[PDB]
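Visitor: Shown below is the structure under consideration.
Cβ: placed from backbone, ideal geometry, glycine included. Neighbour counts: every protein chain shown. Just so it is clear, none of the values below were taken in a lab; they were calculated from the coordinates.
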Amino acid sequence: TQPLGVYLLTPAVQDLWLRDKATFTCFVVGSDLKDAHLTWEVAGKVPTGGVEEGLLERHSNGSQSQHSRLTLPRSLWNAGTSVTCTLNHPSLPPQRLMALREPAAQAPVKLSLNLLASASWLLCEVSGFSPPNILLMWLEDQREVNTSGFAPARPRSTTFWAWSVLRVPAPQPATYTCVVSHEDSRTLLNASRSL
Amino acid sequence: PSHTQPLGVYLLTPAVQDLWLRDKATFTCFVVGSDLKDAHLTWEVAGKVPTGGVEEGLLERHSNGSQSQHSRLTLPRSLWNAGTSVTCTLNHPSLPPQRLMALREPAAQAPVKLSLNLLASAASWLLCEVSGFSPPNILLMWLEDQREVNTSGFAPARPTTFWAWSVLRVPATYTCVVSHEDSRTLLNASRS
Ligand SMILES: *[C@@H]1O[C@H](CO)[C@@H](O[C@@H]2O[C@H](CO)[C@@H](O[C@@H]3O[C@H](CO[C@H]4O[C@H](CO[C@H]5O[C@H](CO)[C@@H](O)[C@H](O)[C@@H]5O)[C@@H](O)[C@H](O[C@H]5O[C@H](CO)[C@@H](O)[C@H](O)[C@@H]5O)[C@@H]4O)[C@@H](O)[C@H](O[C@H]4O[C@H](CO)[C@@H](O)[C@H](O)[C@@H]4O[C@H]4O[C@H](CO)[C@@H](O)[C@H](O)[C@@H]4O[C@H]4O[C@H](CO)[C@@H](O)[C@H](O)[C@@H]4O)[C@@H]3O)[C@H](O)[C@H]2NC(C)=O)[C@H](O)[C@H]1NC(C)=O
Ligand SMILES: *[C@@H]1O[C@H](CO)[C@@H](O[C@@H]2O[C@H](CO)[C@@H](O[C@@H]3O[C@H](CO[C@H]4O[C@H](CO)[C@@H](O)[C@H](O[C@H]5O[C@H](CO)[C@@H](O)[C@H](O)[C@@H]5O)[C@@H]4O)[C@@H](O)[C@H](O[C@H]4O[C@H](CO)[C@@H](O)[C@H](O)[C@@H]4O[C@H]4O[C@H](CO)[C@@H](O)[C@H](O)[C@@H]4O)[C@@H]3O)[C@H](O)[C@H]2NC(C)=O)[C@H](O)[C@H]1NC(C)=O
Ligand SMILES: *[C@@H]1O[C@H](CO)[C@@H](O)[C@H](O)[C@H]1NC(C)=O
Ligand SMILES: *[C@@H]1O[C@H](CO)[C@@H](O)[C@H](O)[C@H]1NC(C)=O
């Protein structure tokens with residue numbers, strides 16, 4: 001019998017902020033994915049549209065990968081919609097994965113952006129959220145920036161907190177925006193500070 | 001007859017903490033697959049078999065039908081520091097020998113120098129700057145006295161050479177240790 005590893009990837013900040021869309025990616029890794037198929041369910045219904053099945057991929061090591069993508073309007077995401085991918089293979093019982101707003105999940109209360117030194121160093125902080133899985137993005141006049149150093153989420157508390165430092169070269173004035181998406185508590189924070 | 005299986009071999013290189021705290025360089029080599037009974041991971045140090053220090057691992061079995069087995073080879077830091085060529089090989093009967101090499105690559109620029117200072121100042125914030133190296137594969141570690149502190153924000157390298165930087169947040173002597181694998185180079189700084 002073949003092993004099958006199926007994963008469900010939640011949408012990234014870039015899709016949710018720059019494109020007003022939430023793209024869920026569900027892919028199975030296997031030895032022979034011919035008759036293994038991925039089905040979708042948005043809030044318990046088969047999707048009307050927005051599903052774009054990927055192509056089967058042979059791999060050098062003998063494994064095979066096939067993926068399927070589902071795109072939701074960001075409104076459905078912030079509302080807490082449930083997305084359920086299913087892996088159906090005739091040799092195995094069905095394997096469902098789910099990305100849903102968790103009742104036990106705390107939204108990130110506050111996001112704080114200020115400056116720390118002068119090349120300028122911009123500090124973005126977000127606190128009061130759980131689970132600790134966090135996604136952060138930096139932007140420079142609606143254009144994405146990557147020169148950042150992100151500190152993963154660290155702990156009296158029920159929550160976690162994280163921060164990322166962005167260093168921008170000393171040069172035109174600019175406004176920097178820090179966007180954070182907590183996925184299990186479908187929040188999308190965003191802040192602007194200017195220099 | 002018989003049909004072959006998916007077999008994926010991987011090789012981990014020593015970590016900063018391993019070299020800086022223990023003076024030992026452990027190379028973890030493992031293979032992921034379906035039926036790993038006839039899969040034997042073998043080592044070569046400097047191009048010859050190691051006399052000792054190899055810990056073959058039990059066959060891990062995962063909840064998705066995959067099997068995994070890891071063999072690790074621990075070397076003195078001096079051996080790593082010298083540039084000793086480490087090699088892992090997967091020997092399955094119906095498959096070719098698959099070798100993953102952890103060499104000191106000749107074309108690998110080594111980190112020029114390491115910088116450590118204070119970025120800002122309730123808590124305070126440090127910096128660590130590693131400059132002029134390639135490939136960008138690099139590992140960092142902060143230490144409060146002889147104790148590791150994990151409250152850093154690391155910025156991986158972006159583009160002749162590369163440079164990365166890490167900001168540590170502190171609530172002592174703070175040392176930043178840098179490990180560059182391809183040029184078996186290790187650098188530390190210190191501050192107070
Ligand atoms: C069924 O499920 C099982 C369970 O997961 C699946 O098994 C997994 O299979 C995948 C196969 O792709 C493996 O991924 C590879 O992993 C290696 C290394 O893995 C290390 O890191 C993992 C993640 O660690 C982080 O997360 C964990 C949380 O789980 C956390 O605890 C940890 O602290 C850390 O934060 C570890 O999980 C893993 O530990 C496991 O294995 C240990 C050894 O066996 C064992 O001691 C542990 O107890 C544990 O069991 C391990 O520490 C990745 O390196 C590798 O990615 C390389 O390869 C891909 C190609 O696929 C490439 O795209 C990447 O860029 C990367 O390439 C590097 O390596 C190449 C050499 O192989 C080199 O040529 C490249 O240049 C690059 O090298 C760079 O870095 C290295 C540094 O070592 C340096 O040498 C180079 O110079 C250069 O700098 C894969 O991602 C999983 O590890 C494996 N999981 C387990 C638990 O075994 C199975 O696949 C599923 N089956 C199916 C059908 O789906
Ligand atoms: C033969 O070689 C192939 C190719 O290298 C191997 O295929 C790889 O298999 C591994 C095994 O799991 C896959 O790792 C998984 O990756 C998940 C996300 O991957 C994303 O990032 C990677 C790297 O950045 C990208 O390459 C991927 O993009 C590829 O796939 C998309 C979709 O098809 C394509 O569009 C792209 O072009 C690429 O082709 C992805 O973007 C990762 O989340 C996952 O980690 C979860 O699972 C492990 C268990 O293995 C947990 O330890 C871990 O904590 C995570 O678990 C949490 O998260 C998941 C959701 O992510 C939840 O479901 C869990 O419940 C839990 O919350 C895992 O690491 C790898 O993606 C895949 N590579 C490719 C290119 O397909 C074969 O394995 C190999 N065969 C053998 C036998 O060795
Ligand atoms: C980010 O968008 C939110 C909507 O939730 C809004 O309240 C806030 O003013 C925006 N941030 C900035 C800096 O404009
Ligand atoms: C790193 O630490 C060792 C031992 O503490 C010391 O000998 C060495 O001089 C340090 N590195 C530098 C660049 O001074």
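Visitor: About the Cα centre, and with charges only on the beta carbon of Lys, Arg (+1) and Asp, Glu (-1), how big is the dipole of the protein assembly as shown? Nearest 20 debye, please.
Guide: For this selection, approximately 600 debye.
Visitor: Please report how far the C-alpha centroid of region B:148-192 lies from that of region A:97-176, rounded to the nearest whole angstrom.
Guide: Taking the Cα centre of each part, region B:148-192 and region A:97-176 sit 21 Å apart.
Visitor: A further question on this structure: Using θ = phi - 60° and the Karplus curve 6.51 cos²θ - 1.76 cosθ + 1.60, what whole-Hz ³J(HN,Hα) does each residue of region B:7-18 get, with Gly and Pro shown as x?
Guide: Result, rounded to whole Hz: 9, x, 9, 9, 9, 8, 9, x, 9, 4, 3, 4.
Visitor: Which semi-axes, in whole Å and largest first, does the equivalent ellipsoid of region B:114-188 have when worked out from the alpha carbon gyration tensor as the square roots of 5 times its eigenvalues?
Guide: In descending order, the three semi-axes are 22, 13, 9 Å.
Visitor: Taking amide H positions as placed 1.01 Å from N in the peptide plane, with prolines and chain starts having none, which residues 5 or more places from B:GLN69, or on another chain, fall under 5 Å of its amide H?
Guide: B:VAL31, B:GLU60
Visitor: So, with +1 on the Cβ of K and R and -1 on the Cβ of D and E, and no other charges, what is the size of the charge dipole of region B:7-102 about its Cα centre, to the nearest 20 debye?
Guide: 180
Visitor: I need the phi-derived Karplus couplings for region B:123-131: 6.51 cos²θ - 1.76 cosθ + 1.60, θ = phi - 60°, integer Hz, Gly and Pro marked x.
Guide: These are the phi-based 3J(HN,Hα) values: 6, 10, 9, 9, 9, 9, 10, 10, 10 Hz.
Visitor: How much space per residue, in cubic angstrom, does the convex hull of the C-alpha atoms of the protein assembly as shown take up?
Guide: For the protein assembly as shown, the hull spanned by Cα atoms encloses 186 Å³ per residue.
Visitor: Need one number: nm distance between label points at A:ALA119 and A:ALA107, each 7 Å from Cα along Cα→Cβ, rounded to one decimal.
Guide: About 3.7 nm, to one decimal.
Visitor: What are the ³J(HN,Hα) values, in whole Hz, obtained from phi via the Karplus relation 6.51 cos²θ - 1.76 cosθ + 1.60 with θ = phi - 60°, for each residue of region B:185-192 in sequence order, with x given for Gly and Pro?
Guide: Residue by residue, region B:185-192 yields 10, 9, 10, 10, 10, 6, 6, 4 Hz.
Visitor: Further question on the same structure: Quick query: amide H of A:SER127 versus all other amide H atoms, modeled in the peptide plane; which residues come in under 5 Å with a sequence gap of 5 or more or a different chain?
Guide: Amide H to amide H, under 5 Å and 5 or more residues apart or across chains, A:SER127 pairs with A:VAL109, A:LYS110.
Visitor: Show me, bin by bin at 5 Å from 0, the whole-percent P(r) of region B:40-97 based on Cα pairs.
Guide: 4, 16, 22, 21, 16, 11, 7, 3, 0
Visitor: Let a ≥ b ≥ c be the square roots of the eigenvalues of the Cα gyration tensor of chain B; is it rounded (a/c under 1.5), or, if not, prolate (a/b larger than b/c) or oblate?
Guide: It is prolate, given that a/c is not under 1.5 and a/b is the larger ratio.
Visitor: A follow-up question, please. Other chains' Cβ within 10 Å of B:144-156 residues: what's the mean?
Guide: Taking all residues of B:144-156 together, the mean is 3.
Visitor: Another one. Pairs on different chains or at least eight residues apart, Cα atoms closer than 29 Å: how many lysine pairs in the protein assembly as shown fit?
Guide: So the count of such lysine pairs works out to 7.
Visitor: Averaged over A:30-38, how many beta carbons belonging to a partner chain fall within 10 Å of each residue's beta carbon?
Guide: Taking all residues of A:30-38 together, the mean is 1.
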